[PDB]
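Q: Got a structure here, written out as structure tokens. Questions coming.
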Amino acid sequence: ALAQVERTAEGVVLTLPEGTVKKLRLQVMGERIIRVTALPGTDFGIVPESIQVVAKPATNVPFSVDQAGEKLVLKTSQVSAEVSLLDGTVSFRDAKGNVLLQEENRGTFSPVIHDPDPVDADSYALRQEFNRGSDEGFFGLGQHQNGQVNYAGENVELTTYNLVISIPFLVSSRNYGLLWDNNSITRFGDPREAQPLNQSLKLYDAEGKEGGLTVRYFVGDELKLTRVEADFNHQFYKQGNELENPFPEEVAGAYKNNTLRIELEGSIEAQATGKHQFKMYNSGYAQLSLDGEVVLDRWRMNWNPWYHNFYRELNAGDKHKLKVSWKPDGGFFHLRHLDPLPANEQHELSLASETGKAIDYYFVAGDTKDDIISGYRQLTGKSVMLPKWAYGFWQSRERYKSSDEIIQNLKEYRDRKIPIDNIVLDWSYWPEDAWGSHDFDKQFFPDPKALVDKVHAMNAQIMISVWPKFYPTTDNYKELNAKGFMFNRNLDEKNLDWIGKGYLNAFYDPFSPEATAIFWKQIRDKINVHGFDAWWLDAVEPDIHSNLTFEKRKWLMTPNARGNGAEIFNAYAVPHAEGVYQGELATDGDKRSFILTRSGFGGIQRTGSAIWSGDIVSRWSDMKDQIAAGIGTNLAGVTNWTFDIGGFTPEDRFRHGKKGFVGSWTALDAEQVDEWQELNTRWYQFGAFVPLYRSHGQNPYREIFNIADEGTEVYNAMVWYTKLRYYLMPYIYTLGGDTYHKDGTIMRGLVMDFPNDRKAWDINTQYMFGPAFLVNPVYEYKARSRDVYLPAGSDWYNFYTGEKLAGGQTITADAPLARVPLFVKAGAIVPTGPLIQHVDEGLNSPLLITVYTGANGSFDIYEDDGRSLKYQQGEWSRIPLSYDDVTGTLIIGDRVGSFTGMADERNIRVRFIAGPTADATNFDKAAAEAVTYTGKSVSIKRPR
Ligand SMILES: C[C@H](O)COCC(COC[C@@H](C)O)(COC[C@@H](C)O)COC[C@@H](C)O
Ligand SMILES: [Cl-]
Ligand SMILES: [Cl-]
Ligand SMILES: [Cl-]
Ligand SMILES: [Cl-]
Ligand SMILES: [Cl-]
Ligand SMILES: [Cl-]
Ligand SMILES: [Cl-]
Ligand code: NI
Ligand code: NI
Ligand code: NI
């Protein structure tokens, strides 16, 4: 029996005769975008209004429907959707008959198993499988902490955490991507949550006896207890600061005073042959060895543990020695594992969500990755312009403790002529017992408006922290609570926070606009009136109480406006930021707002928000990981992204020592100076080349002049990259402009610009920063060089020396401490400006246009006032640059557009780099041909 077909204004709806899926709907969303919804019922009305997707079915996109035999074809000018009338499965082809994406079945619905709260009768766990046996690459999915760039053949858990941001937009190496529109925890690859080690492995203790691993408890170096445990688990608190599983009385005290250390020893045995995944969740110091070799070596501060993963091929029956050393230092630990999927499911695309009413996704065709990202922006909203200053240098601290401290640090930068735009006030400016009141403690912040006025008189901006957190004693808590907008379970649980004796606290429910409107009005009345420029919306996972099980985290958010916590687990940040963004629009409809927030989801970019990777650690491995973290965030369609340069929490050896608390580097124990300075030097280098450039963290102090003394190599190196950031502002703000006007992506995985170079896909230590710069951060202590793969199909220039190199090879790039290896793509046209201390000083600046010869080029410099919403009414300009390598001619074309404050006349000089030159980065002094530009096209010829 064949499925019945109904033609609609938006596409078609099939009614399937047999199977769990009763109806399959296709909706045309754009020339390149088709929505697929598989429904285990007859009423599409049960699918909740999307949080990610703001787009509606198109009304101006022609499409055709042809039905013949057992196939129905729906197509637009760019996409063909072929649907089986036998089983309702969909296959997508491009305009030229190429198969991009093929459903392997009609999808799997099954009972919700990860929702601690009562589950609706029409809610299910969902899974959809595509493209079995495909060799494609997969990218995006957001910000993850396991170094993955090409996810193909691996697992990714799309959850929400301090360190992890899920954006369920998937990009293929093929000419498509897809938005999976589900708000609950989602899994790419294996649909199963990782298991305890003994669920699908045989365990043997240190003596070979089956049953569990040998566990040794040491106090200092004295062994206190040995025993065999099937599942060593100290992963979460059940409540307050009490573990679900306490330590034995022999060592419980040692846990509390950090003298405890533990060893696990035994053997593991696969029951099935194939690729197994292992995940070591921990804070404190952990090292794991397999077959006598160290596989993982990690540290995180106790209160912010995470999973550290590896995959390994195992044969059924084989025994492998496992050794773990773990010094908890008050932290957490659990070892997890997944055995191979069934044969046919191992090489395929699989997406699964914990709870939903239907399988609901959007197929997005695109000839380039930029095109695919554009489909994401069309579905979930434009990346609205940040203020230009958001792209300048940010200085932050956990935490500045008074107005004077803020002013003094900003002034110190200005006094040292180190460029800076923004400074940040972290938590705790309010009276101690009044978190949520948004009042300023008179003792430390006596006059918040005077504070803002001084920052502004120094031509800088100030951002201030605001959490979703309220103490029940505050008027603000009470106003929100009276309308049912507070998640009060955390009060019932009596989970006290870390301040003083500890305070009862709750987080509000941002899932209805009525709630977010109140939240906004409160900060409008208390904080916005003082002139603060930006909102640091922290802890928006939400992190109501750290280190509870994820089930408890779900439960704490029940009930909410959209249902259970499990149903919207990944989506908190969007409605929250949106309330603030909409509030700002209603307040001043001509000033760009700015939000920095610690979580995200599809659509976050429509709220004028950047996101950051949260409380990472001052560790090389973390620094390395931030590369994949940013690449995946950008490939998921969210480009304004950043991190704490230097990491958030350093190890104790950095935080104090023989002289007590370490503020300035001068207080470090002598033997810690070198690494502290080197790590920060490398991390500043890296940070200068991510979308937002921001120093932040717990002590030591992170200002450049607190990391090292003036005149030193490291001080000079940090200053040089900060200055370079500003020299590049014409280039960088062009990228900033493109994020909005061209659905642009700033921090680019190599697959974006080298889609046909299969070797480039997997790389997780390099990326393109805009169209010109191949960035290659140094992530190893003491390294003075590193391998750099130069993508094929282009030649490359050493940015610092002018040396030209052929593409399609790996080199050992020179990487002295003072420099990060940087290469420029031939044909690049890079505009720089003069040295400036903050962005507005650079408005209408003289320009140096540097052409990197050897191929044609094209770059249109975007400029506008940098602050207002006028760009939305067309107030902006582009100065088009195009280079023809055959004739050696750079054309500065007719200026497009204009804006209030724009200079009609510009001094522009042009130079060409074709090889080694001593002036490669001497912008001010380089020989260049000068032109007086007045908006009309001029041509500059390369010198013979
Ligand atoms: C000790 C255990 O409760 C962890 O405290 C971590 C903590 C980090 O502060 C970060 C700042 C608010 O941005 C408080 O918890 C923050 C989590 C919940 O995001 C700092 O605790 C400092 C000691 C000295 O009290
Ligand atoms: Cl001066
Ligand atoms: Cl000034
Ligand atoms: Cl100034
Ligand atoms: Cl003002
Ligand atoms: Cl100045
Ligand atoms: Cl100035
Ligand atoms: Cl000035
Ligand atoms: Ni002002
Ligand atoms: Ni100590
Ligand atoms: Ni100035």
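We label chains A, B, ... in the order they appear in the structure tokens, count residues from 1 in each chain, and number ligands from 1 in the order shown.
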Using only C-alpha atoms and all ligand atoms, find each protein or nucleic acid residue lying at most 10 Å from ligand 3; present the set as a list in words.
A: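 The residues within 10 Å of ligand 3, counting only C-alpha atoms and all ligand atoms, are residues 456, 457, 458, 459, 460, 836, 837, 838, 839, 840 and 841 of chain A.
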Q: Can you pull out every residue with an atom within 12 Å of ligand 5? Use only C-alpha atoms and all ligand atoms and format it as a PDB file with C-alpha atoms, in the first residue's frame.
A:
ATOM      1  CA  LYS A 449      27.632  56.132  37.308  1.00  0.00           C
ATOM      2  CA  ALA A 450      30.894  57.884  38.232  1.00  0.00           C
ATOM      3  CA  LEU A 451      32.617  54.549  37.540  1.00  0.00           C
ATOM      4  CA  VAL A 452      31.080  54.334  34.059  1.00  0.00           C
ATOM      5  CA  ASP A 453      31.844  58.027  33.417  1.00  0.00           C
ATOM      6  CA  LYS A 454      35.575  57.575  34.125  1.00  0.00           C
ATOM      7  CA  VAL A 455      35.799  54.515  31.891  1.00  0.00           C
ATOM      8  CA  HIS A 456      34.099  56.523  29.158  1.00  0.00           C
ATOM      9  CA  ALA A 457      36.316  59.557  29.707  1.00  0.00           C
ATOM     10  CA  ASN A 459      37.522  56.175  25.692  1.00  0.00           C
ATOM     11  CA  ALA A 460      36.740  52.658  26.801  1.00  0.00           C
ATOM     12  CA  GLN A 461      33.631  50.585  27.454  1.00  0.00           C
ATOM     13  CA  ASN A 528      21.395  50.352  32.662  1.00  0.00           C
ATOM     14  CA  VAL A 529      20.629  53.765  34.156  1.00  0.00           C
ATOM     15  CA  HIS A 530      24.297  54.143  35.067  1.00  0.00           C
ATOM     16  CA  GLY A 531      25.457  53.816  31.443  1.00  0.00           C
ATOM     17  CA  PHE A 532      27.136  50.389  31.375  1.00  0.00           C
ATOM     18  CA  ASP A 533      27.857  49.364  27.776  1.00  0.00           C
TER      19      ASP A 533
END
Q: Excluding residue 72 of chain A and any residue of its chain fewer than 3 positions from it, enumerate the residues within 7 Å of it, using only C-alpha atoms, and give them as a ChimeraX atom specification.
A: /A:66-68,82-85
Q: Got a sec: who's within 9 Å of residue 757 of chain A, counting only C-alpha atoms, leaving out chain neighbours fewer than 3 positions off, as number ranges by chain?
A: A: 750-751, 754, 760-761, 791-793, 808
Q: List all protein, DNA and RNA residues that have an atom no more than 12 Å from any atom of ligand 2, counting only C-alpha atoms and all ligand atoms, and report them as an MDAnalysis selection string.
A: chainID A and resid 414:417 837
Q: For a quick check of understanding, using only C-alpha atoms and all ligand atoms, which of A:617, A:410, A:515, A:746 has the smallest distance to ligand 4?
A: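 Nearest to ligand 4: A:410.
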Q: A:30, A:191, A:583, A:468: which is nearest residue 597 of chain A, counting only C-alpha atoms?
A: A:468
Q: Tell me, as a compact mmCIF listing (two decimals) with C-alpha atoms, in the first residue's frame, which residues lie within 9 Å of residue 162 of chain A, counting only C-alpha atoms; anything in the same chain fewer than 3 positions away does not count.
A:
# COMPACT_ATOMS: atom_id res chain seq x y z
CA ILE A 165 27.79 24.71 24.14
CA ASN A 304 34.85 22.07 37.14
CA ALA A 539 25.98 30.99 34.37
CA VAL A 540 23.18 30.65 31.78
CA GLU A 541 23.50 26.85 31.31
CA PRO A 542 21.99 27.38 33.90
CA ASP A 543 24.45 26.31 36.56
CA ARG A 598 28.40 31.46 28.79
CA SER A 599 25.98 29.26 26.95
CA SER A 613 34.09 28.48 26.34
CA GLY A 614 33.74 29.15 30.07
CA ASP A 615 35.93 28.06 32.98
CA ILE A 616 38.70 26.21 31.17
Q: Give me the residues near residue 908 of chain A as a PyMOL selection string, where near means some atom within 9 Å (using only C-alpha atoms) and where sequence neighbours in that chain fewer than 5 positions away do not count.
A: chain A and resi 846-849+929-933
Q: Got time to write the residues from that selection, N, CA and C atoms, as an mmCIF file, in the first residue's frame?
A:
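Final file, again-v7.cif:
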data_model
loop_
_atom_site.group_PDB
_atom_site.id
_atom_site.type_symbol
_atom_site.label_atom_id
_atom_site.label_comp_id
_atom_site.auth_asym_id
_atom_site.auth_seq_id
_atom_site.Cartn_x
_atom_site.Cartn_y
_atom_site.Cartn_z
ATOM 1 N N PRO A 846 43.738 56.512 7.641
ATOM 2 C CA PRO A 846 44.551 56.221 6.457
ATOM 3 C C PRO A 846 44.720 54.717 6.377
ATOM 4 N N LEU A 847 44.823 54.189 5.167
ATOM 5 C CA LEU A 847 44.909 52.749 4.988
ATOM 6 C C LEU A 847 46.190 52.362 4.257
ATOM 7 N N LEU A 848 46.743 51.229 4.656
ATOM 8 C CA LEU A 848 47.757 50.533 3.885
ATOM 9 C C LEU A 848 47.091 49.300 3.300
ATOM 10 N N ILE A 849 47.125 49.183 1.979
ATOM 11 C CA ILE A 849 46.608 48.001 1.306
ATOM 12 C C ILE A 849 47.783 47.130 0.901
ATOM 13 N N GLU A 929 52.872 52.856 -2.706
ATOM 14 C CA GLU A 929 52.412 53.952 -3.545
ATOM 15 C C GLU A 929 51.178 54.589 -2.909
ATOM 16 N N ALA A 930 51.211 55.908 -2.755
ATOM 17 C CA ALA A 930 50.152 56.617 -2.048
ATOM 18 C C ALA A 930 49.156 57.229 -3.013
ATOM 19 N N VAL A 931 47.894 57.178 -2.631
ATOM 20 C CA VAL A 931 46.816 57.686 -3.449
ATOM 21 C C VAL A 931 45.883 58.536 -2.581
ATOM 22 N N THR A 932 45.381 59.629 -3.135
ATOM 23 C CA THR A 932 44.318 60.373 -2.479
ATOM 24 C C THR A 932 42.986 59.880 -3.020
ATOM 25 N N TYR A 933 42.295 59.072 -2.230
ATOM 26 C CA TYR A 933 41.053 58.452 -2.676
ATOM 27 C C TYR A 933 39.828 59.293 -2.303
#
Q: Considering only C-alpha atoms, return as a PyMOL selection string whatever protein or nucleic-acid residues lie within 12 Å of segment 329-331 of chain A, sequence-local ones (same chain, fewer than 4 positions apart) excluded.
A: chain A and resi 219-220+233-237+241-243+246-247+252-262+281-286+299-306+546-547+651-652
Q: Determine the nearest neighbour of residue 192 of chain A from the options A:906, A:209, A:553, A:127, counting only C-alpha atoms.
A: A:127
Q: When distances are computed from only C-alpha atoms and all ligand atoms, which of A:694, A:440, A:421, A:767 shows the smallest separation from ligand 6?
A: A:421
Q: Would you please work out which residue, of A:884, A:919, A:157, A:229, is nearest to residue 942 of chain A when using only C-alpha atoms?
A: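 Going through A:884, A:919, A:157, A:229 one by one, the smallest distance to residue 942 of chain A is for A:884.
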Q: I'd like to know which of A:183, A:609, A:4, A:512 is closest to residue 575 of chain A, using only C-alpha atoms.
A: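 Looking only at the distances to residue 575 of chain A, the closest residue turns out to be A:512.
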